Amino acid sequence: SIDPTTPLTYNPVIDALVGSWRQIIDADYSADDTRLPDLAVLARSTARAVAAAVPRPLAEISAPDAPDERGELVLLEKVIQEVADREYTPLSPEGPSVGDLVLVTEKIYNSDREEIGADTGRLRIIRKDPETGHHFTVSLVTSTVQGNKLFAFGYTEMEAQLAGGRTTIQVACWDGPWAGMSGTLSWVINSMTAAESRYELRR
């Protein structure tokens, strides 16, 4: 049975930032909605904030009006993520609908097939676009990857993923070697239970 509770970091800034995105996952969505937050910008900014909230040596922090400056890239690719458990009870027999919730857990392996971690995802269908019929979702992922503890915040189109497209969400690391870095977690699916993912993070 999948545990739906978001783990606390006990960093009160991070726990509030993550809690703000949990409020996005659990908002009331309707097929009649005419307004939404700017979810893509919100996901990107929240991931940047979570990474910035990690304490670091004084000499590493930016001066008050310093320009944006990112560190060197850390890259992990050809990662295999395999569904371990999934929980989905549709609101309607006719197919996915606005308001549906999916819970998922996965095991994570590097390209040499060594087990490197695990994640848990909570996904909400928030809108069905009337002209394309495509569904959009928001997601909150918690994971450990090679000893790096991550949160990821997603606003994505469902059909583009099912069709072999690359799907991208915003990731931040709050503990481990990548602590205080943020970037993207993107993937292409191989089946309904397996995907190939890529992590790109920078300070």
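Residue numbers run from 1 along the displayed sequence.
Stretches 22 to 30 and 45 to 53 differ in mean C-alpha B factor, with the higher average recorded for 22 to 30. Averaged over Cα atoms, the B-factor as recorded in the entry is higher for 128 to 136 than for the other of 105 to 113 and 128 to 136. Taking the PDB entry at face value, the top CA B factor among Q161, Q146, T168, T142 belongs to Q161. Comparing C-alpha B-factors across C173, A40, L36, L58 in the deposited entry, the largest value falls on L58. In this PDB entry, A63 carries a Cα temperature factor that places it within the middle third of its chain's modelled residues. Sort the chain's modelled residues by C-alpha temperature factor and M192 lands in the highest third, per the entry. For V74, the recorded CA B-factor ranks within the highest third of the chain. Only modelled residues enter the ranking. Sorting the modelled residues of the chain by their CA temperature factor places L123 in the lowest third.
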